[PDB]
Amino acid sequence: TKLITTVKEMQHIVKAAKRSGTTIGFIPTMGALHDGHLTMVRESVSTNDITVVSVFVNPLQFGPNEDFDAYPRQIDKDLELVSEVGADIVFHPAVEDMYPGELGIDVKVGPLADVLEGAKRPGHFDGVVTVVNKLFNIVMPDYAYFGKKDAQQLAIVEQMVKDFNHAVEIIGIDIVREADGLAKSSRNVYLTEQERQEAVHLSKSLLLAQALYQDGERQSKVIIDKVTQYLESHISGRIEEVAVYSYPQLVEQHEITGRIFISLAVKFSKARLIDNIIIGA
Amino acid sequence: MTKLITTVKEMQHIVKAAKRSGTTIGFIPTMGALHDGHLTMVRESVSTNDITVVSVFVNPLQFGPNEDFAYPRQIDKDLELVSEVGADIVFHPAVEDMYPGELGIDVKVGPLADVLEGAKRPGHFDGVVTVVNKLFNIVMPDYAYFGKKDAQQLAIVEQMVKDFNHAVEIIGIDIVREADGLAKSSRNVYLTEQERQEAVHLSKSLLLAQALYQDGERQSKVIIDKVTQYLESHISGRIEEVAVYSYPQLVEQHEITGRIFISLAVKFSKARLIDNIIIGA
Ligand SMILES: Nc1ncnc2c1ncn2[C@@H]1O[C@H](COP(=O)(O)CP(=O)(O)OP(=O)(O)O)[C@@H](O)[C@H]1O
Ligand SMILES: Nc1ncnc2c1ncn2[C@@H]1O[C@H](COP(=O)(O)CP(=O)(O)OP(=O)(O)O)[C@@H](O)[C@H]1O
């Protein structure tokens, strides 16, 4: 399983793939890989002739007082993990190769980034679309795999593909969880023993929101209050968001109709975790 | 005879088949009303590449808000002209297929758009890079051809290719001229008989600028002033700009060093004409 560390060689490999009719699946990551990423890699290896995983800690999607320096890095272990699952290439470019000085053209997300995590993390999704756009032009995949844990990111990337006419098909994969329900995340390693036990209540609060909805609740305020109160009595973390928005349109709902997602953001000591559930037709 | 392709889907299909076959693609984006300047680029592409695609698309995002349907439409004649040169495909998508909704992601040019025509029409070059980025993702050319007549545009498009990691190589084609030196353009017909004779002094003023430079002039101000005075005494039209900037960086300096370009914009009765020359090492 090949570690490719320059844009030029990645391009060369891709061009040769196209010429031979080799289909390409692509899983963009920031490394520190876990079973959530491997689930995407597994699906790609089933569907496509070659599978490329990028590991690139993208500085543009980290803001002030976030965790860019602390972000776990373990490229050898990452390469081993995806090798075991049948991946062909790990694409791991230098920051300077991806960003050789200042960008002359700027890519910015509109209304989809004015709410939720786009409001909580100013410029974050601008950073994501910037790097994903570049990676799609480098790897030229037939399919690109993303996780529904970052539901807002998924909707934004799908819009970008539409807006830019990228030939790539986006596949969103269901949230992969620990046995106790905790959503898999490279940032889970930042959790202390006790926070890890508390963090399971994010997922439990979403099952609570789902039951409330199942039993006929449609007032977002009631769901949000019941979820918030539940989290408050079970976790030491700061509850940054509990929200009910249409999906994938991302417009705040007051009285619930249509397809929605109920989303959470919680700040523990160092770990900032998110989770969601998508409900309705 | 060139095939007129009027949907993104069919254009994508043809490109996908070419990549599998190892067929190389040259691409010339235009807004139609084709003349010898365009055809030189097409000829260049036919010599180099297996297939040659010419787009004809009047892009609304690079016109001002009050502009109607003046820009000439003549797809049959344009198609006949590029067929005669050996082009394979004319790509002519509907504005609604290129721009089906509100864009969810916006592309903005940085400091390359802050001078010259970008300064006069903020958003013009945003509109150019938007359409060009889309067309590159649709056509996936190996080479794309742009005229040096629009030197700022060329620099901006090259920067975008680098920023976005498009695999395309950009080829700048020299300004094609009439025997007397007038840069070729649809607008030339609009010149009155006496104005058409005056309009030759755009090109002559650039030759003056080059002569002054070769004689050792290095203050941008003096070149601007001497070119401006020459022009004003030979034309009845109004000077809109005479400018001196580094190329391709588009930065001004009192004392000329390195490669520069001198650009002109003149408004006659009904025709707005531009010309430029790139000189120095
Ligand atoms: N638990 C999970 N289930 C499914 N997909 C997941 C997932 N966790 C992350 N992903 C997906 O994996 C891709 C790479 O995300 P990365 O940020 O590189 C790792 P992460 O730490 O797991 O996500 P996070 O940093 O947002 O917590 C994204 O498309 C993301 O949605
Ligand atoms: N005289 C010339 N020599 C070389 N290239 C030219 C040229 N005139 C136009 N081009 C090139 O043709 C391409 C498409 O131009 P269009 O977008 O159709 C507007 P235009 O053709 O510049 O109007 P015009 O009729 O005033 O030339 C551009 O890359 C442009 O620079």
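- Method of determination, as given in the entry header: X-ray crystallography; reported resolution: 1.95 Å.

**A look at the domain arrangement of chain B**
Residue and element names in this part refer to chain B.
- Once the domains are mapped, chain B shows domain 1 (3-177) and domain 2 (178-277).
- In this complex, domain 1 contributes 19 residues to the contact, which on the side of domain 2 involves 24 residues.
- For the domain 1 and domain 2 pair, buried surface summed over both sides reaches about 1,900 Å², with 54% attributable to carbon and sulfur atoms.
- Area buried by domain 1 at its contact with domain 2 is led by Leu116, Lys149 and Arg177, which between them contribute 37% of it.
- For the pair domain 1 and domain 2, the interface holds three salt bridges.
- In this structure, the salt-bridge partner of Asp36 is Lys184, at a minimum N-O distance of 3.7 Å.
- At the junction of domain 1 and domain 2, the tally comes to nine residue pairs in polar contact.
- Elements that contribute at least two residues to the side of domain 1 that touches domain 2 include exactly helix 2 (36-48), helix 5 (116-120) and helix 7 (151-164).
- Among the residues making up the side of domain 1 that touches domain 2, the classes are represented as nine nonpolar, three polar and seven charged.

**Focus on the UniProt feature "binding site: beta-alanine" in chain B**
Residue and element names in this part refer to chain B.
- Under the feature "binding site: beta-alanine", the UniProt entry names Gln62.
- Checked against the element boundaries, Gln62 lands in the loop between strand 3 (51-56) and helix 3 (75-84).
- When near neighbours in sequence (up to four residues on either side) are disregarded, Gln62 contacts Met31, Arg121, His124, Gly127, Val128 and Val131.
- Here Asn59 takes part through its side chain, which lies 2.8 Å from a polar atom of the side chain of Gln62.

**A short note on the site of ligand 1**
Residue and element names in this part refer to chain A.
- In the neighbourhood of ligand 1, 19 residues make up the surrounding shell, with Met30, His34, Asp150, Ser185 and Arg187 lying closest.
- In the environment of ligand 1, an oxygen atom lies 2.8 Å from a nitrogen or oxygen atom belonging to the side chain of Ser185.
- Isolated, ligand 1 exposes 590 Å² of accessible area, and the fraction of that covered by the protein chains is 94%.
- Of all the secondary structure elements, the ones that give two or more residues to the shell around ligand 1 are strand 2 (24-29), helix 2 (35-47) and strand 6 (143-147).
- Split by residue class, the shell around ligand 1 holds seven nonpolar, seven polar and five charged.

**Topic: the domain arrangement of chain A**
All names here are of chain A.
- Here chain A is partitioned into domain 1 (2-177) and domain 2 (178-277).
- For domain 1 and domain 2, the distance between their C-alpha centres works out to 25 Å.
- Domain 1 puts 27 residues into the contact, and the matching count from domain 2 is 28 residues.
- Buried surface at the junction of domain 1 and domain 2, summed over both partners, amounts to about 2,300 Å²; 55% is from carbon and sulfur atoms.
- On the domain 1 side of the interface with domain 2, the three residues burying the most area are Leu116, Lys149 and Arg177, jointly 32% of the side's total.
- Here domain 1 and domain 2 share four salt bridges between them.
- Of the charged contacts in the structure, one is a salt bridge between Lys184 and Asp35, with a shortest N-O distance of 3.7 Å.
- One can count 13 residue pairs in polar contact joining domain 1 with domain 2.
- With four residues, the top contributor of residues to the side of domain 1 that touches domain 2 is helix 7 (residues 151-164).
- For the side of domain 1 that touches domain 2, a count of residues per class yields 13 nonpolar, five polar and nine charged.

**Here's the deal with the site of ligand 2**
Residues and elements named next belong to chain B.
- In the neighbourhood of ligand 2, 21 residues make up the surrounding shell, with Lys149, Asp150, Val176, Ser185 and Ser186 lying closest.
- Contact distances for ligand 2 include 2.8 Å between an oxygen atom and a side-chain N or O atom of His38.
- Interatomic distance of 2.5 Å between a side-chain N/O atom of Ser186 and an oxygen atom of ligand 2.
- Burial of ligand 2 by the protein chains amounts to 94% of its free accessible area of 600 Å².
- Put simply, the parts of the chain that give the shell around ligand 2 at least two residues each are strand 2 (25-30), helix 2 and strand 6 (143-147).

**Digging into the packing of aromatic side chains**
- The full count for this structure, using the stated rule, is 12 aromatic pairs over all chains.
- An angle of 25 degrees between the planes, with centres 6.2 Å apart, marks the rings of A:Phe164 and B:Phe164 as stacked. Of this pair, A:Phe164 sits in helix 7 while B:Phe164 sits in helix 7, on two different chains. The same class applies to A:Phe164 as to B:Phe164, namely buried.
- Considering the side-chain rings of B:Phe27 and B:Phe136, the 6.3 Å spacing of their centres and the 80 degrees angle between planes classify their relative orientation as edge-to-face. For the pair B:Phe27 and B:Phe136, one class covers both residues: buried.
- Three or more aromatic residues joined by ring pairs form one cluster here, namely A:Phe26, A:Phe136 and A:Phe146.
- For A:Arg218, the ring lying beneath its charged end belongs to A:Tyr213, and the centroid distance is 3.8 Å.
- B:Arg218 extends its terminal NZ or CZ atom over the ring of B:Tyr213, reaching a point 3.9 Å from the ring centre.

**Remarks on the pattern of salt bridges**
- Applying the stated criterion to the full structure yields 19 salt bridges over all chains.
- With a closest N to O distance of 2.8 Å, B:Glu178 and B:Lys184 form a salt bridge.

What counts and how
- Residues numbered from 1 in each chain as written, not as in the entry; some residues may be left out.
- Chains lettered and ligands numbered in written order.
- Heavy atoms only, no water.
- Domains from an automatic or database assignment.
- Contact = heavy atoms within 4.5 Å.
- Buried area = accessible area lost by both parts, 1.4 Å probe.
- Salt bridge = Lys/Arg side-chain N within 4 Å of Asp/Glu carboxyl O.
- Polar contact = N/O pair within 3.5 Å; in protein donor to acceptor, adjacent residues only side chain to side chain.
- Helix = DSSP H or I, 4+ residues; strand = E, 2+ residues; numbered from the N terminus.
- Nonpolar A, V, L, I, M, F, W, Y, C, P; charged D, E, K, R; others polar.
- UniProt positions renumbered as here; feature names shortened; annotations may be inferred.
- Near = heavy atom within 4 Å.
- Areas by Shrake-Rupley, 256 points an atom, 1.4 Å probe, with all protein chains shown as cover.
- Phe/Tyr/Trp six-rings, centres within 6.5 Å; stacked < 30°, edge-to-face > 60°.
- Buried < 20%, exposed > 50% of the residue type's maximum accessible area, 1.4 Å probe, protein only.
- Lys NZ or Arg CZ within 6 Å of the ring centre and 35° of its normal.

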